[PDB]
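As given, the protein sequences belong to chains W and V, one line each in that order. 31 is the number that my numbering gives to position 31 of the first sequence; each next residue is one higher, with no gaps. In short: position in the second sequence from 1, add 1000, done, that's my numbering. What follows is a short report on a single structure.
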Amino acid sequence: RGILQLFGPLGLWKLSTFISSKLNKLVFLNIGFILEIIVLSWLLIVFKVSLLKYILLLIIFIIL
Amino acid sequence: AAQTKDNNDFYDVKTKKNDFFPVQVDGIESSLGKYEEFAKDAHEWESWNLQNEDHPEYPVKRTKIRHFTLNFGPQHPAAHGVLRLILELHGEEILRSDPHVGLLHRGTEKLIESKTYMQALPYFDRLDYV
Ligand SMILES: CCCCCCCCCCCCCCCCCC(=O)OC[C@H](COP(=O)(O)OCCN)OC(=O)CCCCCCCCCCCCCCCCC
Ligand SMILES: CCCCCCCCCCCC(=O)OC[C@H](COP(=O)(O)OCC[N+](C)(C)C)OC(=O)CCCCCCCCCCC
């Protein structure tokens, strides 16, 4: 009833609720929001590919 | 006529008649819990809105905007003199016409009573002066 729930249903439910609540705030009809994300993605073309894992770490920081 | 809750001088809350069935929806839930478990945070979630703007009875407070009101006033070649014709237009389409007169009211009828019949005659020269 302890660690196997934290690393199981109860723990993953809290993780899912936290992550899904973040994603629910990103779906709203707004021109400025989607334009910023489109233009931001252009940096993947500019950046050298070795920086992908740093962008991955930065994105996980923003989830918090 | 009378200031009511859904209609007054400054705004109205217009609702159309509902063409569709009054469908009942109860027990709203997601895959992580019921609606009441997250309804506190659902104000930030646009996908959690229970009221649809296409519904005929959706509440909208609309300010009562004056329609395009034009003074076709005395200083205008169309008006044959002094006529403050007030027109409420929809673009150029006339919706209501309010002719304001008295800009040439000179009290001829009042003045005539103070004149003899011979003296009052020239007043008639100046009513329809063509
Ligand atoms: C033997 C059985 C084996 C099977 C088990 C396998 C699952 C093991 C994983 C266990 C880890 C999840 C369980 C513990 C998570 C608990 C989440 C949580 O409590 O939220 C923490 C915090 C929000 O704070 P709050 O919960 O409100 O209060 C603090 C309570 N002390 O918010 C947080 O800090 C959460 C961290 C933010 C989210 C980080 C996201 C990282 C990337 C997602 C992780 C999964 C990656 C999957 C990738 C593919 C997905 C398609
Ligand atoms: C890889 C090694 C083998 C592991 C096999 C898979 C086990 C997965 C954990 C069980 C989850 C479960 O059963 O999901 C069912 C549970 C039910 O939760 P509940 O008891 O109703 O409490 C929840 C409600 N409360 C707290 C209010 C009472 O829904 C959840 O929590 C939703 C989160 C789903 C996450 C699923 C991700 C699975 C990833 C698997 C690989 C990491």
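Each residue gets a CB set at the ideal place from its N, CA and C atoms; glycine is no exception.
Check	Outcome
Taking just the CA atoms, how far does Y1117 (chain V) sit from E1088 (chain V)?	44 Å
Considering only their Cβ atoms, is the gap separating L1085 (chain V) from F1072 (chain V) smaller than 8 Å?	yes
Quick one, which residues of the segment 1039-1067 of chain V are near chain W if we go by CB-CB under 9 Å, in chain order?	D1041, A1042, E1044, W1045, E1046, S1047, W1048
With respect to 7 Å, is the separation between the Cβ of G8 (chain W) and the closest non-hydrogen atom of ligand 4 below this value?	For ligand 4, the structure offers nothing, since it holds only ligand 1 and ligand 2.
Residues of chain V with CB closer than 7 Å to the CB of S50 (chain W), please, in chain order.	Within 7 Å Cβ-Cβ: nothing; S50 (chain W) doesn't reach chain V, min ~36 Å.
What would DSSP say about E1088 (chain V), mapped onto helix, strand or coil?	strand
Do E1044 (chain V) and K53 (chain W) count as a contact pair if the criterion is CB distance below 8 Å?	no
Is the segment 38-48 of chain W touching the segment 1048-1064 of chain V in the sense that three or more CB pairs, one from each, lie closer than 8 Å?	no
Assess, as a yes-or-no matter, whether the segment 48-64 of chain W is touched by the segment 1032-1040 of chain V under the definition of 3 or more beta carbon pairs within less than 8 Å.	no
Who pairs with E1037 (chain V) in a beta bridge, going by DSSP?	According to DSSP, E1037 (chain V) bridges with nothing at all.
Rounded to whole angstroms, what's the CA-CA distance from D1019 (chain V) to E1029 (chain V)? Just pull it up for me.	27 Å
Can a CB atom of chain W be found closer than 8 Å to the CB of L1095 (chain V)?	no
Can you pull the chain V neighbours of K22 (chain W), defined as C-beta to C-beta under 9 Å?	Under the 9 Å cutoff, chain V gives no residues; its nearest Cβ is about 10 Å from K22 (chain W).
Does at least one heavy atom of ligand 2 sit under 7 Å from the Cβ of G1033 (chain V)?	yes
Please check if any C-beta of chain V sits within less than 8 Å of the C-beta of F28 (chain W).	yes
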